[PDB]
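Asks:
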Amino acid sequence: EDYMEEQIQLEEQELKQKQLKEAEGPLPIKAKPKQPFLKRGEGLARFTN
Amino acid sequence: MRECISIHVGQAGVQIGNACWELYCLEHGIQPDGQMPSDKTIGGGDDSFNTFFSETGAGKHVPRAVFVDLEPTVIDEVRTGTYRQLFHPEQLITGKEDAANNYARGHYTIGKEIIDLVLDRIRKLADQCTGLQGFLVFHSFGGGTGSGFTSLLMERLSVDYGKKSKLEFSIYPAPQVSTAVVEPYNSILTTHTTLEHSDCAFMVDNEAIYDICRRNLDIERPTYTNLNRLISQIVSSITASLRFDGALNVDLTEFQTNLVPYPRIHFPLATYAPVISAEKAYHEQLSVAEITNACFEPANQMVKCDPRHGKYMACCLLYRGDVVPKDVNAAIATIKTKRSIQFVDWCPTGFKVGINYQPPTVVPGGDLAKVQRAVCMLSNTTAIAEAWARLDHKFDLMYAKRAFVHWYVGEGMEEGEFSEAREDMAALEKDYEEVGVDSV
Amino acid sequence: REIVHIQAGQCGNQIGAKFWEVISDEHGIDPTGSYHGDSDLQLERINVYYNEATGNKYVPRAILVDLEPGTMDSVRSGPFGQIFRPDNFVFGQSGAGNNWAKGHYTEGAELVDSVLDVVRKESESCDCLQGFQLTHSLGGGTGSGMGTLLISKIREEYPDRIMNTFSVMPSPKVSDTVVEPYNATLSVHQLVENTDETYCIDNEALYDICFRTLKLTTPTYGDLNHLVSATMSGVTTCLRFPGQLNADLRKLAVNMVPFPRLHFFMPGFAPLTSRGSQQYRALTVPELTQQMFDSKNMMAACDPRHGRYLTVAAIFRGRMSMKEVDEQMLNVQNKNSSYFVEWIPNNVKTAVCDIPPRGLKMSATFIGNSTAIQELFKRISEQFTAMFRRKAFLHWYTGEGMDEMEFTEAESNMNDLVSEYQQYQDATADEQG
Amino acid sequence: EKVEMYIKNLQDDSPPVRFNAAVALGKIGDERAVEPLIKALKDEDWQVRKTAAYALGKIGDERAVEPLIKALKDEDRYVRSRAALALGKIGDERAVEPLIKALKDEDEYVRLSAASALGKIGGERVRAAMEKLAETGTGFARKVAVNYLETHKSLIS
Amino acid sequence: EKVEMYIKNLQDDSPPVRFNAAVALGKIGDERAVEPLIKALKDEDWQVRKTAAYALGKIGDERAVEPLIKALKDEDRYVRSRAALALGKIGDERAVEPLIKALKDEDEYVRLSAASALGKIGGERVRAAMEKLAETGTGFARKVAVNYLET
Ligand SMILES: Nc1nc2c(ncn2[C@@H]2O[C@H](COP(=O)(O)OP(=O)(O)OP(=O)(O)O)[C@@H](O)[C@H]2O)c(=O)[nH]1
Ligand SMILES: Nc1nc2c(ncn2[C@@H]2O[C@H](COP(=O)(O)OP(=O)(O)OP(=O)(O)O)[C@@H](O)[C@H]2O)c(=O)[nH]1
Ligand SMILES: [Mg+2]
Ligand SMILES: [Mg+2]
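Protein chains in written order, with PDB author numbering: chain P, 339 to 387; chain A, 1 to 440; chain B, 2 to 44, 47 to 360, 369 to 444; chain C, 14 to 170; chain D, 14 to 164.
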């Protein structure tokens, strides 16, 4: 997997230049919507009723 | 007359049920259009078939039967068959989706919807009865409909027909024809909840039938068609006392009087003989002495077990055909002279006998051949607990891991019902051991 | 009776299209939709996957979905592309580019309601719908991400229905996409909770069968897909033709799934063929048995010898001796008794269809719930931990509103699946208390 | 021509053989078989005695009246009741008084067969007997008499 | 020779070999076993008192009569049954009246064991109890009553 580490470091170098310009937002810094998700043990509600 | 209503539940009960009626028609001379004409009629004045067959105002004899299944496939084959004319449309009740081999689904989820409709069509048959005796329930132990819906129906029937007797014919599971892994769960669950609502249960061990098919009928790999032809031949000899003029097991109560010592131990063992392959019918026929001795060979039992590993409580021999009463008396006296046939100390040691002189009947174009004389021995041996032991071992094997238990709880049942049903089988097995434990 | 089929993404529509090509040949249905076969058995259970129309012109009950607009076009130009319902094609404006978050939360979650409406218009015309059948892959964003969103949304609208899936596993020897273990772990978390039965079709196993067994030096998707066609056609025989055992999705789930979460099946097929295999000879029942149970014939990169089977289903196809099948199937359990859990007696069920597969005179299909499937989930956990440790490409997912705690849930549930799978592998049939 | 065979069989040492013969004799229904079927009514095996009673009704010869009347006092329930049904088929009013006594029988089928036989006979002899029975008779026999008179009323009361 | 091992195993604080002791004492049969098998009919365990009845029943001693009659008014059904059947095997006529009191028992199986045992004595008081049972008894118990009366 030599192509694997070559893409990980490319993403690290590309996400450092992209975040250099994208870190100057406006007005009250409101947080970005953290999405709810499936939590472990939720699919076991069918076999309890 | 003194009528009996047959209720067939699930695929197995429906399938065995139709094969029984096919034989009943041949025995009593009824054609597949309800007609009983001069030609096919028996004569002799035997009108005892009128307990199983109602009559329209046009000599049409209609079975007092109810067929129930939570799916159409099995009952659609009835309304499209040879006997599609024999039963009234309302006697065949079908659902849209089955109980998927889950007891809880038939007893609770799906079953609760078709239960009240079934009581209605049963009441409609019970209404044409001047003196209803009770019910004959044919069903499998392993089916979702067979185990669950039957259990539900028996609970209801006790409420709606208190004074009436309930007698079952239960297909006990075989690995060679098993449809589901949960078959032991369903069998223990149905037996527990049905135990107080049933007065006499005749288990039909499918492995025992498969074994007879392989050995006696020379069938390498018998289909359900093969198994069904044999089970009807046996179940018909058990119910013939109810549909013919006789002196033994004349009515439903007599089954309990002659076979059930006390209510819980209501599982008699049927041993039918002779079972002869069609290719071997033109050999000198077996005598009354030969076929009486065959009832004591476990190879011919309808449930796999060894009666020699237990004790007897009751024994009824129901002969049919060219049986001379004096020969039966000699054969019985020979049996009585056997130290291996042991009765419990608290039960009377005897053999009740009945001979129907009408020649025995087989389905033409079938793996079974016509004999001059045959017998069915209905015995209540404490060795029938061997059959429960096999189920309880496989039940404890999975319940210790809670395997598949989720499918049941998610379908309106509680986990404690499995603990509850198994405590009943431990109580039953310990009881069977504790009564056949001694004699001198 | 009826099954609603859904195919999401490139892989979903590729395996899914080959499914309808094979089963329509076995059922006598030509590309126009009308029947042209010989046996009356072909049409007996047609209503399961088809809808009758005009003058008995059979239409597949399929819903074709993909965010890539081009996938709709490649399906229509296939052999049976003129047999699908034109309204059942729900296709987006651009694919997710192997980003699960796009499909489950943003781009895919916009298209979901449109698909649900099509699901409804097909579930409404069911006399008695039995469940759903999703064909997709966990490697990309659409089939894996949007596919698992269709699953939850369907499970909240049809809670008493069977969710059956054909889920394709990522392998680094099939696809160069570094983010595939992230999507596979995120989809497996959804599958574990919302599916009733999942057929783990491992691309690692298909690449290996083609290279090692079939000797195909340069395997293509068409050669990998041929194995999937044989498998999907085999595993579904039970519901497509009149039978006694495992004849519906629910009865199949009751016989195969002992534990709610342990519903991941390792399929298998015998014999292994590749498009154009002229030189061949009919296989005997003993050959089909030994092959069908062997790791060489497995559609999941696991060895069932490094585990135990909880349940198994064998489907034999062709005019063969029903006593010989029974003998072989008993001998397999009675010899290899050390590979089956003793606390589940009679766990292997055997069905026989008289109608054999396309071109073949005889075949066997294996469906096994083996604890050795943990060897597939350990592969995805090692590959996922490799990336999640250095925190590679997390912005790609969280940027679409996705929570980082969801990667931790997906990981902690897949490890729990492996620990549950091993607790039952080392479980003893004992009464100690 | 086969009647010759079933007549000799009627007294064969084997009870199933005499039974099968009495069954066939009723199916044939001949004058020649009347006397041997009258002898069959005194057979020690009830299954043979009951079959003779039916056979004597299907043939329906006056000669069977006196022997079938004495079968209503038989120890066997199927012989008493199956003989009453033959007396109803023959219709000879000699059966009327013996049939009224069978209405107080222990077995229900015999009681039911006797009432159905009284109804099959009819005539002024049964009518007069039922008018009296609905006064000096009690329970079931009273019920049979009141039903008889009501089902045979020529007017709407 | 080794009959004294089971002879003192009735007063054992451990119940497993205590029940096993009466199972071998009754099969061998010694004149010393008459006394300790009576003390086994006053236990807290049902398997002990019921195995004592079968051991004392095989050894047909009158010393068993007096305590075996008290075992018919037991809290268990299996003890009562083997104790009634032991009285039938020994034959003491004083056990007739208490066996008739067992025919109107809660347990339908105790009533059948008592009837079997009362039939084994076959006295003249038994003849009236069996004529009564042939009218005031369940379908199976009324059939036991008429099979004995056919003598
Ligand atoms: N002898 C015999 N046994 C049968 C037949 N059909 C099924 N069985 C047995 O019965 C058991 C399964 O029960 P089924 O009768 O098929 O099921 P059901 O009552 O319809 O219940 P569900 O289909 O689950 O709703 C297994 O032991 C079968 O092998 C048949 O026609 N004959
Ligand atoms: N066996 C098989 N795998 C396929 C096929 N096409 C794609 N794959 C696999 O599917 C995974 C990638 O997911 P895709 O289905 O191509 O992507 P998608 O579902 O369209 O989602 P997006 O790429 O995000 O639009 C990888 O594991 C591929 O090797 C096919 O026809 N057969
Ligand atoms: Mg069924
Ligand atoms: Mg794509």
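Backbone N, C-alpha and C define an ideal beta-carbon position, used for all residues, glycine too.
1. Any heavy atom of ligand 4 closer than 7 Å to the Cβ of residue 1/B?
2. Can you tell me whether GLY148/A is helix, strand or coil according to DSSP?
3. With a threshold of 8 Å between beta-carbons, can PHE32/D be considered close to chain A, or not?
4. Rounded to whole angstroms, what is the Cα-Cα separation between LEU69/D and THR190/A?
5. Could you work out which residue in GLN342/A, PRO222/A, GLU207/A and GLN256/A is closest to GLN301/A when comparing CA atoms only?
6. Whole angstroms is fine: what's the gap from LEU112/D's alpha carbon to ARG155/D's?
7. If I follow the unbroken alpha helix (DSSP H) through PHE153/C, where does it start and stop?
8. Thinking C-alpha only, which one of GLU417/A, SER287/A and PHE169/A is nearest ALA12/A?
9. Please list the partners that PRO162/B has in chain P, where partner means a Cβ-to-Cβ separation under 7 Å.
10. Output the distance between the C-alpha atoms of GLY150/B and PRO366/P, rounded to the nearest integer angstrom.
11. Please compile the residues from chain D whose C-beta is within a distance smaller than 8 Å of the C-beta of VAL260/A.
12. Does the beta carbon of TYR161/C sit closer than 8 Å to a beta carbon anywhere in chain A?
13. Answer with yes or no whether the minimum CB distance from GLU121/D to chain A is below 8 Å.
14. Please state whether the Cβ-Cβ distance between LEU70/A and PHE141/A is less than 8 Å.
15. Can you check whether the C-beta of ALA256/B is within less than 8 Å of a C-beta belonging to chain P?
16. Apart from the five residues on each side of it in sequence, which residues of its chain come closer than 6 Å, Cβ to Cβ, to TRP21/A?
17. At the level of alpha carbons, what is the spacing between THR164/D and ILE332/A?
18. Does DSSP put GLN11/A in a helix, in a strand, or in coil?
19. Of all the CB atoms in chain D, is at least one closer than 8 Å to the CB of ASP438/A?
20. In whole angstroms, what separates the C-alpha of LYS359/P from that of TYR224/B?
21. Around the Cβ of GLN433/B, are there at least 16 other Cβ atoms within 10 angstroms (buried) or fewer (exposed)?
22. Below 9 Å on C-beta distance, what does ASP329/B contact in chain A?
23. If you draw a straight line from the C-alpha of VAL182/A to the C-alpha of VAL204/A, how long is it?
24. Name the chain A residues whose beta carbon is nearer than 7 Å to that of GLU127/B?
25. The alpha helix (DSSP H) spanning residue 509/A covers which residue range?
26. Can you tell me where the alpha helix (DSSP H) holding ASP120/B begins and where it ends?
27. Check whether the Cβ of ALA65/B lies closer than 7 Å to any heavy atom of ligand 1, and answer yes or no.
28. Can you find a C-beta in chain B that's less than 8 Å from the C-beta of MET398/A?
29. For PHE32/C, which residues of its own chain have a beta-carbon under 8 Å away from its beta-carbon, when the five flanking residues on both sides are left out?
30. For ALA100/A, is the beta carbon positioned less than 7 Å from some heavy atom of ligand 1?
31. Given a threshold of 16 other Cβ atoms within 10 Å of its Cβ, counted over all protein chains shown, does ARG215/A qualify as buried or as exposed?
32. Against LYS21/D, what residues of chain A qualify as contacts under a CB-to-CB distance less than 8 Å, listed in chain order?
33. Does the Cβ of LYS304/A have 16 or more other Cβ atoms within 10 Å, making it buried, or fewer, making it exposed?
34. Less than 7 Å between the CB of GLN85/A and some heavy atom of ligand 3, yes or no?
35. Could you compute how far the alpha carbon of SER94/D sits from the alpha carbon of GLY17/A?
36. Would you mind sorting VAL36/D into buried or exposed? The rule is 16 or more other CB atoms within 10 Å of its CB.
Replies: Taking the structure as given:
1. With chain B covering 2 to 444 only, the question about residue 1/B has no answer from this structure.
2. helix
3. no
4. 41 Å
5. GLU207/A
6. 16 Å
7. 152 to 164
8. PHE169/A
9. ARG384
10. 37 Å
11. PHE153
12. no
13. yes
14. no
15. no
16. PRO63
17. 19 Å
18. helix
19. yes
20. 42 Å
21. exposed
22. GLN176 and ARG221
23. 19 Å
24. Going along chain A, no residue has its Cβ under 7 Å from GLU127/B, so there is no contact; the nearest lies around 16 Å.
25. The question about residue 509/A has no answer here: the residues shown for chain A are numbered 1 through 440.
26. 110 to 126
27. no
28. yes
29. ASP58, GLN60, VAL61 and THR64
30. yes
31. exposed
32. Those do not exist, as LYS21/D stays about 25 Å from chain A at its closest Cβ, beyond 8 Å.
33. buried
34. no
35. 41 Å
36. exposed
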